[PDB]
4 protein chains.
Amino acid sequence: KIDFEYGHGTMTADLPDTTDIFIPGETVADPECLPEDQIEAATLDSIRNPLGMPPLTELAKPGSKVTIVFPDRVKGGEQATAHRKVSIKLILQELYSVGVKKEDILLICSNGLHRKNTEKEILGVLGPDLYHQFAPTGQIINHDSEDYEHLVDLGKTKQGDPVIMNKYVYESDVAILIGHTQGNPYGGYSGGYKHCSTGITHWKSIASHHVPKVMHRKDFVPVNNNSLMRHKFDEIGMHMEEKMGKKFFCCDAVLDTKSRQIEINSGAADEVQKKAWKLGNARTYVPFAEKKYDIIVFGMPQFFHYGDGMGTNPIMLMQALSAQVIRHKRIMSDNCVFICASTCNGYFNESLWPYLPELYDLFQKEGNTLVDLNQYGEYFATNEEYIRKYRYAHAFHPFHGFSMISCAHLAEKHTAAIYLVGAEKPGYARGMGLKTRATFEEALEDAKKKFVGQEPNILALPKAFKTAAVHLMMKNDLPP
Amino acid sequence: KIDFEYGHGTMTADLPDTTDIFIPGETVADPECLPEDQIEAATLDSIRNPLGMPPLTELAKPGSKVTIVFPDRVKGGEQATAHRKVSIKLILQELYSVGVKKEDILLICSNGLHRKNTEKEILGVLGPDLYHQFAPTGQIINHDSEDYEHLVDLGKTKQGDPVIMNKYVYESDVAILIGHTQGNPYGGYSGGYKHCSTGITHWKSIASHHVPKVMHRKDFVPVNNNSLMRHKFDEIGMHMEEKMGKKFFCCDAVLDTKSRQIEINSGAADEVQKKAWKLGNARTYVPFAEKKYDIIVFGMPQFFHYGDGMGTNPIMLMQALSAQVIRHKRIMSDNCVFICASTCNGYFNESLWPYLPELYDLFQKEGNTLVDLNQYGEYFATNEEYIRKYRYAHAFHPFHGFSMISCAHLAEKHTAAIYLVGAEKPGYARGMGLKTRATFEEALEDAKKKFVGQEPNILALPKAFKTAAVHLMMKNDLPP
Amino acid sequence: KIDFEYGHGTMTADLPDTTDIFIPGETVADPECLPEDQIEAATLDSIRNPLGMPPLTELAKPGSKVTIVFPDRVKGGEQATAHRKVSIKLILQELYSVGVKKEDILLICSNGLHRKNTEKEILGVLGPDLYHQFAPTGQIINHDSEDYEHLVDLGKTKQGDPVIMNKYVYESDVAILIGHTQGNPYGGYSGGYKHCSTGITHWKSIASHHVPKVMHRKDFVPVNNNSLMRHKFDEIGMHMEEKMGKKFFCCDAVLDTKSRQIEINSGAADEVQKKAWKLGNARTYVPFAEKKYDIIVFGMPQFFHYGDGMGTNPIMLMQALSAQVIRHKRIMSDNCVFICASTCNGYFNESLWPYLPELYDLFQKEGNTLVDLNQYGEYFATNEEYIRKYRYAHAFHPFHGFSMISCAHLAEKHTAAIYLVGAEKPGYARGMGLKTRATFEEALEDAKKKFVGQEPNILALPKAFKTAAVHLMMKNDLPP
Amino acid sequence: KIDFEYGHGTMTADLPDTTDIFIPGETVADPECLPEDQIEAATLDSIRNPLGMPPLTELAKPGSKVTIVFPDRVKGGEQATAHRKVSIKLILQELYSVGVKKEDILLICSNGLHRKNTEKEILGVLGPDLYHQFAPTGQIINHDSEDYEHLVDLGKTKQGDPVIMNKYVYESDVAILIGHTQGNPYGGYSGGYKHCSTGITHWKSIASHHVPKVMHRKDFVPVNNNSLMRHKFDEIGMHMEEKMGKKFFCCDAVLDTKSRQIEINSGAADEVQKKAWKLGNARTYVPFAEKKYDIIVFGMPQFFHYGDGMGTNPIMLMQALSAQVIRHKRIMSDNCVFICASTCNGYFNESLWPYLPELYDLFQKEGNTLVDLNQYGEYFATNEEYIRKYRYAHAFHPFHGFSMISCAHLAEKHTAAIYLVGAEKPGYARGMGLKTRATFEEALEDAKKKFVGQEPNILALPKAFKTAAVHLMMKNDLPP
Ligand SMILES: *C(=S)c1cc(C(=O)S)c[n+]([C@@H]2O[C@H](COP(=O)(O)O)[C@@H](O)[C@H]2O)c1
Ligand SMILES: *C(=S)c1cc(C(=O)S)c[n+]([C@@H]2O[C@H](COP(=O)(O)O)[C@@H](O)[C@H]2O)c1
Ligand SMILES: *C(=S)c1cc(C(=O)S)c[n+]([C@@H]2O[C@H](COP(=O)(O)O)[C@@H](O)[C@H]2O)c1
Ligand SMILES: *C(=S)c1cc(C(=O)S)c[n+]([C@@H]2O[C@H](COP(=O)(O)O)[C@@H](O)[C@H]2O)c1
Ligand code: NI
Ligand code: NI
Ligand code: NI
Ligand code: NI
């Protein structure tokens, strides 16, 4: 009896007593996070002694325009001592010390193609103090990847990747990036060059890497720190750095499963990435599996990663399954079977993803596999209604969904079969290529009969999505 | 490089040179069909010398009411020397020899839950001679399982099985069942007791055996001559014989893969079944395979079996896949993979199956598997509009579709995965639980990577639905 | 420059000066119609001296139930001296002369499958005298072919023809059929045995002869007095006479092109038909053409024959074209081309023919030719909503439309091509299989280029539908 | 017994034994294709020895911008030694030899109003080597006739033809057109000035000749080499040539039925056309017919020419019929009949042609003939949704459909009747003015009865659309 996430709660699975249960942070201890009394001091020390650039004192002159670009509510923590709040607070104190005016500081939420964070979401992300400091003056803005008035086209990179970036960050004298060095199937880790290359860029810039051309090759599944997606992240980052004539001050903190800071690294994006990747690999790449697992059992809540309906939207849940594939491919056998509890009730969450019903209909009409949809990316990404919903209705940018399906296809690709149990509308899961069973037990027996045999190595991931999911490797494997 | 049925033509698969190809009737020779000149003599000898039941001349008095119940266009063949035409002509000659009035003979098409054969279809089935002999007088009637003015309820059997049969057959004094002892996933063979128990019955009688409670038991896959399905067929047949006060004259011919008569058997249904079962097993239960087959590759044409759209309608498509499962389970590995070519263009053929769009939508809304739909059988079977379309619009009876899903779930249950290639609308195939690939090669590589390994035993089945399919067994297997 | 019917008016065709113009009743003189002064005297003499049946005075006992079945507004005259009004008035006077009670007389409008005539239409048909004499007491009833409470099933005929007739006519003691001997594509002439067999029967009785099985044989085009259609008419008529125990008093008047009486024939239906055949052939079978006509040019008004939309509804449009084919087949060349003006504006007249939009949609969905629709006849004929609209909303009976398409296919079958000119919505005409051109000149040039050559024999038929059409034959042809 | 294309396969026709069967390349031997070992050498010799201009070495300076404009997947073949792949490879080698940088070379797919080729289609067209060489850097772009950022308006010609052309080709120092001098009803042949005038121009430029005002005159049907369409092609080509100050280097190869190279010619467009014209006339204009054919029998596959649904979309199907008309006018009698097998199942392929459902509805509700639609061309061509689907959803440009109907009208104009055989939804074929018959035999008998007589000259074209269809002439006719 193992409880797995099911929509809003838990559904029980009668898994065998030999099933291995892994919970991030719990089953294998993450690197010890900084104590609460020490988190602020560590962040201040990181800011005051950066890597690859002089501190914010030398970079910022009195009266200089400063853009502090912080990540949205998808990643990071919202506690009183969260990395975003503490880091932005001490960075603002440092800026005020050197004479940088408060009215000349812009807090930019790096949603990128994700939904623009609402006022309450921004308040929760930044904390009451920072929000009430900057929101009344309009000094907290969500990045708009479709507001070309506040976007600068920087041309293409040496590899042909277009670069359109946030105008406030472009014209600012000091661009600071609050980042979380958390485990991410997209490029290995969040923050660093990924933060700038995605959260404050265009869908066209993101289309260079968030496509099957780079995330359906060998280097993406399982993810590493030197995949093509991360390479394009770095390329776009340094391209914008050359275009502005300045480099991003990347205040990035490695976070544990509970989004608590383990270490904080500030300075140059590449220096910060290199310095933080050691602890990021100690926390994210967990050598836990003693044997390859034939069945991976987990549960999908309705609201884990990108908001409500993330575990009920067929495309969003397929992308979550694919993210699990990228995370645990190192411990997955060739014929691995995913058994996921999801309330696939047809709740697409059109408020969050208005384009996803039409993307799903396009997949049903044309696509044998989700990769067949990639040709329509721009078609959604230039859709005026979806663009308007992203810009004003706090919806995800349309092209994000293609990134989603660009990830989601790996779920169909790298698993023998994926079982979705408890689907209230199993037709949507089947339309995403998932086998549908009413309960965990029937899917378990079906997988044993068809793909994995009567004595499979079953891995249970009860908190696969409600927690910061680590990427599992073999016990003898070393963190890449 | 093997062509497989695909819509109205063929799709070519670049299968490995080690792929074994089986064409029913060509790869393994059928029992030698009777010559065209000898067919009439053999049928006349069988009719004049029936088994375990008095000859037709000894059953019908002058002025007797005779019902010749012939099968519909789905099986039997429509050649000049087809069993239906020749057998009915000789039987009518014998009846006129004992002075049976022509006006007292009714030709009943035993569609059962299948669509009432149109006048053109009846003409093609019976030959111009028989048609223009009996059609202008209105003596050829399609059996109506929903015309209760022409239905007689015989009550429950000894096992509580509801029997409602055609009123013309019940009230006649001589009922002559024209039958084809041909390979059939339902009950082993066609004709005999199955002919009466299905073709001239109510949907409630079919619900007794076409329920998953009888189709999904361990004795149905692969189908044999002693399955529960045939048991209910026989029970309903002898219930008819007891309530009617007369015995069916089962003029049955064993047919090869080209619908040519090999031997004609007349007399009581039980005796005809016992005598013709040996040659039926010789023709159908073919001991061909020397090894278990990991991949079974075939193609689905748009038109086959029940009519147009059978290879495109998702539910009929799954029923055809499950029929293949039933027929070839003896040569299948536990992780067997189906790779079928089907256009799957969303052509439900509402004229043939108007209830099937609603059934598919119900499957998507509620059903994890197709068995979840069975509780709605009566709901479709009593649907007024679908009943009207079956009675007058020459549509299939609604409950027949449930029989299909009752069969079709087996395709999901037994195969590890079924690949559909060439799907114009892959969404319907995926909503049936099928993996969708654009071409045969992609599905083959996917099956090799996921289920069967890089060196699978691949069986090619070209014309698997164009010709009368056989039940493939291992070389050392004995015919049931 | 000849004006042809077009919607509510005329369209001019710049036909060659060699075009022959035929106007029924004008180009060839009709038999001299009875002048208004002696019309009453002739009708009274015919009624008092019937043919092969006793006079009405010798048939109706005092206080006996009498049903006067008069035809609807589709055919016959509506003037003061119209056959229906005068004949019914004189018959009622004769009945009152022998003491037959006024209350015991029922005036039945024999619509059959045609729309029940409204109270206004019944008044116009019967005259104010007869209407206000019998309407206020409810003694004028439209025949309801779907009011089984007022229908009597007489069973199949000797030819297997189902007969269900009006209950009032069946249960009456004297049934008097008012009839018009006029040019009719159905059965040669109207009235007589056709009157009873169609105007007061069930749709099942009409289905015996109004299907392609009877309308599309070689003996129907051109139509005569010895076609199979007339044979079924006679068989159903004598079946009605035999089951009733009484003989129809067929008070029939031969009508010219202006619906004026030429001679009145009363008595048995067979004897009346024999007596009136000569003058019916003289009026209808006109030997006018001295050569075969390659192009037949006529115009279709919006209102004619069955009512509004007849020239605009695609199916009634094809039925009118096929009626023209049937009437003018004797003068038609093998490759004859019809060029018809019609406002094919998509006005289906759902009030008149609610089943016809569905019938046309079915034809587009699966009908290569209109005969492909015949299998659905009962499906429309048993449709509850269409039956309700026929019974209460004064709509045509659904199966009547099938009769129309049963006729209408002839237009497709016999003409090389039919050109519709002036169609506001040419798509409906094309979906009926008609070539569409904007003007008469374009269609004429197209027909000359494609089928008939640059010097065709063009026949102009203005008012081909406004006047009672004739069956044109060659000058040397004899009248059947 | 001749098999003609039907949907995804073939259907059989019981044509008379006197029916003449023509297959391009097979029935009449095409000019001998260049051997595979000699194709590359001949292409290199052609590029190194151009006509009308100096070679690419003398035209391209080191660092000069070069646009290699290649045709889409519709024609040209995709074999390993196809003209596009080999020609582009050797041309790139020559450019690298003279010092032209790889980053300064743009591979432009000249889709024109045709759908932008997807990444997979571009890969298949160009070969894996060329694709992976230029695709990752974004150096392969589809021509966008609606991206005015990358379009240059060159004004009108001397005849008022608007000229808007691809901006990359305009600003490039060397424009190299890869061309296929294969049979084409549009202007006689592809490549040369047609390639530039259509594949990299605006819909407004194409509207000068793709309207009925140009392709419905005497010269277009039958197509010749001096038709007005080719004249306007030449005019637009030289207009763009003078506008850029450079002339197109037309590397054009003549192709056989199997798209294999027969002769490769490079240099100026007019000189290339003149040189390749003899081979193009030898391969394309085949003097095969000994007598004019009253019936031409062929069949449409679902996929051919412009993609999926070409044989099922009613407008696309009718345009294919018209292309056959233009191809075989020289061997076609005045009362010619087309009998084409097509699965006219209503599959419009909205993905390929989203505007064609609404264009078809416009034809049904307004158009007597297809020319009546031409006034709405710009209305579709400026439709924002259809433009977006062409630009991003890989759909055909809207105005292309009008070109299609501009061709398609000839099918109605130059044939007495066209019989569409086996239509699943015959209403669409009838709405395109085509006679619909269920089987080949029905259409054959109908055509014999109506248009061509009982002993017609029947031509069979079993591979009319699955191969590069030649234009047939009389055996005494010289190639124009
Ligand atoms: C990672 S792929 C990523 C992608 C996007 C897109 O728009 S696609 C946006 N972001 C934003 O960058 C911040 C932190 O990155 P993380 O990897 O999501 O944790 C955050 O604001 C993201 O929304 C990231
Ligand atoms: C087989 S299970 C079967 C089922 C039905 C139903 O209605 S369910 C009807 N029939 C008819 O019986 C005839 C011959 O049987 P066959 O197995 O189809 O060959 C024939 O008329 C069937 O339609 C059979
Ligand atoms: C002629 S076929 C016919 C058919 C019908 C049908 O219902 S179908 C009905 N009637 C009616 O009989 C009366 C006179 O016949 P006529 O040929 O129409 O003049 C008249 O009331 C008809 O409506 C006739
Ligand atoms: C021929 S008329 C033609 C028309 C167009 C239009 O947009 S209309 C486009 N093209 C493209 O030019 C290339 C080769 O020409 P072909 O005649 O098709 O072989 C090719 O890319 C065409 O798509 C041609
Ligand atoms: Ni992203
Ligand atoms: Ni059955
Ligand atoms: Ni009638
Ligand atoms: Ni073109």
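Residues numbered from 1 in each chain as written, not as in the entry; some residues may be left out. Chains lettered and ligands numbered in written order. Part of a larger assembly, values for the part shown. Heavy atoms only, no water. Residues with missing side-chain atoms left out of burial classes, pairs and counts.

This deposited entry lists cryo-EM as its structure determination method and 2.20 Å as its resolution.

Here we look at helix 14 (residues 398-414) of chain C
The terminal C-alpha atoms of helix 14 of chain C, which comprises 17 residues, lie 26 Å apart, in line with the 24 Å expected from a rise of 1.5 Å per residue. Taking burial as the measure, the 17 residues of helix 14 of chain C include 17 buried ones, the bulk of the element. (Helix = DSSP H or I, 4+ residues; strand = E, 2+ residues; numbered from the N terminus. Expected span 1.5 Å × (residues − 1). Buried < 20%, exposed > 50% of the residue type's maximum accessible area, 1.4 Å probe, protein only.)

Considering the sheet that holds strand 5 (residues 105-109) of chain A
Residue and element names in this part refer to chain A. Ordered in space as 6-5-4-9-12-13, the six strands form an open sheet in which the pairing is mixed. Only two strands of the sheet have a single neighbouring strand rather than two, namely strand 6 (140-142) and strand 13 (261-265). Between one strand and the next, the sheet's axes are offset by a mean angle of 20 degrees, whatever the strand orientation. Here strand 5 pairs with strand 6 via three bridges, running parallel. (Pairing = 2+ DSSP bridges. Axes fitted to C-alpha atoms, helices over the stretch in contact; angles between N-to-C directions.)

Topic: the pairing of strand 15 (residues 293-301) of chain A
Residue and element names in this part refer to chain A. Counting buried positions over the nine residues of strand 15 gives nine, a clear majority of the element. Alignment of strand 1 (residues 2-7) against strand 15, held across two bridges, turns out to be parallel. For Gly7, the partnering residue across the bridge sits in strand 15 and is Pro301. Bridge count for strand 15 against strand 16 (residues 332-341) is six bridges, and the pairing is parallel. Bridging across to strand 16, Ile295 finds its partner in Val337. Running through helix 11 (residues 314-328), the crossover from strand 15 to the neighbouring parallel element strand 16 is right-handed. (Right-handed = clockwise from strand over helix to strand, strands pointing away.)

Some thoughts on helix 9 (residues 228-244) of chain A
An α-helix turns once per 3.6 residues; consequently, residues spaced three or four apart project the same way. All names here are of chain A. The terminal C-alpha atoms of helix 9, which comprises 17 residues, lie 24 Å apart, in line with the 24 Å expected from a rise of 1.5 Å per residue. Of all 17 residues in helix 9, 12 are buried, a share of seventy percent or more. Among the residues making up helix 9, those that are buried are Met229, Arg230, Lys232, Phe233, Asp234, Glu235, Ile236, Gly237, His239, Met240, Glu241 and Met244. Just downstream of helix 9, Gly245 is the residue with a positive phi angle, here 80 degrees.

Observations concerning the relation of the copies chain A and chain B
Each copy of the sequence occupies a distinct position, and chain A is placed on chain B by a rotation of 180 degrees and an axial shift of 0.0 Å, giving an RMSD of 0.2 Å. Here the symmetry operator amounts to a two-fold rotation axis. Of all interface residues in chain A, 94% are interface residues in chain B too; the two copies therefore contact each other through one and the same surface. (Least-squares fit on C-alpha atoms. Contact = heavy atoms within 4.5 Å.)

Considerations on the site of ligand 4
Residues and elements named next belong to chain D. Ligand 4 sits among 17 residues. The nearest are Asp72, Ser110, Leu113, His114 and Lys194. At a separation of 3.4 Å, an oxygen atom of ligand 4 approaches a polar backbone atom of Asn111. At a separation of 3.2 Å, a nitrogen atom of ligand 4 approaches a polar side-chain atom of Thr198. With the chains in place, 97% of the 510 Å² that ligand 4 exposes on its own is no longer accessible. Per-element accounting of the shell around ligand 4 gives the leading share, four residues, to helix 7 (residues 193-199). (Near = heavy atom within 4 Å. Polar contact = N/O pair within 3.5 Å; in protein donor to acceptor, adjacent residues only side chain to side chain. Areas by Shrake-Rupley, 256 points an atom, 1.4 Å probe, with all protein chains shown as cover.)

Considerations on the pattern of salt bridges
According to the stated counting rule, one finds 90 salt bridges over all chains in the structure shown. A network of salt bridges, in which partner residues are shared, links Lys435(A), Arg437(A), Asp446(A), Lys449(A), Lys450(A) and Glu412(B). (Salt bridge = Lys/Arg side-chain N within 4 Å of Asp/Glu carboxyl O.)

Let's talk about the packing of aromatic side chains
Geometrically, a pair of aromatic rings is defined through the distance of the ring centres and the angle of the planes. Under the counting rule described, the total for this entry stands at 83 aromatic pairs over all chains. Pairing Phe451(A) with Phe451(B) gives two aromatic rings, centres 5.6 Å apart and planes at 45 degrees, and the pair type is tilted. Taken together, the residues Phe451(A) in helix 17 (residues 440-452) and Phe451(B) in helix 16 (residues 440-452) connect one chain to another. Residue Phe451(A) shares its accessibility class with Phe451(B), and that shared class is buried. Here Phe298(D) and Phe465(D) contribute two aromatic rings whose centre-to-centre distance is 5.4 Å and whose plane-to-plane angle is 75 degrees, an arrangement assigned as edge-to-face. Here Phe465(D) lies in the loop between strand 23 (458-461) and strand 24 (471-474) and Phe298(D) lies in strand 17 (residues 293-299), a separation of 167 residues in the sequence. (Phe/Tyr/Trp six-rings, centres within 6.5 Å; stacked < 30°, edge-to-face > 60°.)

Some thoughts on the sheet that holds strand 6 (residues 140-142) of chain C
By definition, the strands of a sheet pair up through backbone hydrogen bonds, in either a parallel or an antiparallel sense. Residues and elements named next belong to chain C. The strand order across the open sheet built from six strands is 6-5-4-9-12-13, with neighbouring strands paired in mixed fashion. Of all the strands in the sheet, just strand 6 and strand 13 (261-265) have a single pairing partner and so form its edges. On average, adjacent strands in this sheet sit at an angle of 20 degrees to one another, irrespective of strand direction. Against the sheet, helix 1 (residues 36-48) makes contact with strand 12 (249-255) and strand 13, and its axis sits at roughly 20 degrees relative to strand 13, the strand it touches most. Against the sheet, helix 3 (residues 119-134) makes contact with strand 4 (66-71), strand 5 (105-110) and strand 6, and its axis sits at roughly 145 degrees relative to strand 6, the strand it touches most.

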